[PDB]
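In what follows, a single structure is set out as structure tokens and then discussed.
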Amino acid sequence: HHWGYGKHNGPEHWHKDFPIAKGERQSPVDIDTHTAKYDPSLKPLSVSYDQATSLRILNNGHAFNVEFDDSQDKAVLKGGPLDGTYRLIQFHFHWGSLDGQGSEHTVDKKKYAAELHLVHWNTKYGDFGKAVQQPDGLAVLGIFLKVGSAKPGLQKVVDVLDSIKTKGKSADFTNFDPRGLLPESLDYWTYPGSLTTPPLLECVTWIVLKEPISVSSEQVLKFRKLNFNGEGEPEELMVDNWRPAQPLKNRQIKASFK
Ligand SMILES: Cc1cn([C@H]2C[C@H](n3cc(COc4ccc(S(N)(=O)=O)cc4)nn3)[C@@H](CO)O2)c(=O)[nH]c1=O
Ligand SMILES: [Zn+2]
């Protein structure tokens, strides 16, 4: 009886195995745009992905992860609210059964069709497993997806999903350039939070871009053909793999922009 996104194991149950689910800095949150404060001391984000080395794509039963070589500074996030250098380890998405839901963060209560998470760990902690034990261990760059025009840079991801339909399947996924998933603007909101899946560790500096990317209806429809189940198990479509907004508690969301 493992955590998931079903009626019997979804977000409202997670606190029983992961009591930090009710903690002081949980994610995601609603971003109230009128209450977020412009912080003129925030720096431009530095996204340095030119030397990124993607390796593999994995269906882990919760989402699919595009994994990177993080054994050198090849794809790094710096600047913005961050002190030091954060290395890209993987990206994944959360998405809905319907275009009207799927994001984890919301903006003035608006839900997007999906949300991209580019996950980075602080190199001062040596590896990802040590980093998640620290309050400044991770930086997750979140990008909203809306349905409209296709995102050309997403199509290579979409087209490999048939090969990783079920939980535990992986495929080679080299030479994928994550720069093709970014919007034009790097304006962002930032706040201290958590992983949005178990173990829900309070180790993340969230950086959520204001500008969504557009993906086509056909691209998100292919996300919704994935399965939560393993091969040889009853088919359950991988949809609505998002945690809803959590209480903001004693936090301020800062804006990089007026
Ligand atoms: C590719 C790779 C993996 N691993 C280890 C660490 C991996 N892992 C991931 C997690 C949970 O992390 C999360 C949860 C939520 C978010 S969210 N939604 O953005 O908030 C973000 C990150 N916990 N452990 C584990 C399974 O992949 O295998 C490795 O050691 N080396 C590698 O090269
Ligand atoms: Zn995520």
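Hydrogens, waters and symmetry mates play no part in the numbers below; they use all other heavy atoms, side chains included. Counting begins at 1 with the first residue of the sequence. Ligands are counted one by one from 1 in listed order, and the atoms in each one are counted from 1 as well.
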Next item on the list: Determine, step by step, whether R56 and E67 satisfy the salt bridge (charged side-chain N to carboxylate O under 4.0 Å, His left out) criterion, reporting the C-alpha distance in whole Å, the side-chain angles of both residues, the deciding distance to 0.1 Å, and the verdict.
Entry: CA-CA 5 Å; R56 193 176 74 139; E67 301 167 346; 2.8 Å; yes
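- When the options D73, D70, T123 are evaluated for a side-chain hydrogen bond (donor to acceptor under 3.5 Å, both in side chains) with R87, the one that passes is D73.
- Separation of the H105 and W206 ring centroids falls under the 6.0 Å cut-off.
- Taking a cutoff of 4.0 Å between a charged side-chain nitrogen and a carboxylate oxygen, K165 and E235 qualify as a salt bridge.
- Protein-derived N/O/S atoms nearer than 2.8 Å to the Zn ion (ligand 2) total 3, waters excluded.
- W14 contributes no side-chain N or O that, together with a main-chain N or O of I20, makes up a donor-acceptor pair within less than 3.5 Å.
- The pair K156-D177 does not count as a salt bridge, with every side-chain nitrogen at least 4.0 angstrom from each carboxylate oxygen.
- When ring centroids are compared, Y5 and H94 stay outside the 6.0 Å threshold.
- Two rings, from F64 and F223, have their centers less than 6.0 Å apart.
- If you run side chain to side chain contact (heavy atoms under 4.5 Å, CB included) between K151 and each of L116, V158, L145, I213, only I213 comes through.
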For ligand 1, list every N/O pair with the protein closer than 3.5 Å, one pair per line with the distance.
residue  : atom   : partner : partner atom : Å
ligand 1 : 18 (N) : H92     : NE2          : 3.2
ligand 1 : 18 (N) : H94     : NE2          : 3.3
ligand 1 : 18 (N) : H117    : ND1          : 3.4
ligand 1 : 18 (N) : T196    : OG1          : 2.9
ligand 1 : 19 (O) : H117    : ND1          : 3.4
ligand 1 : 20 (O) : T196    : N            : 2.9

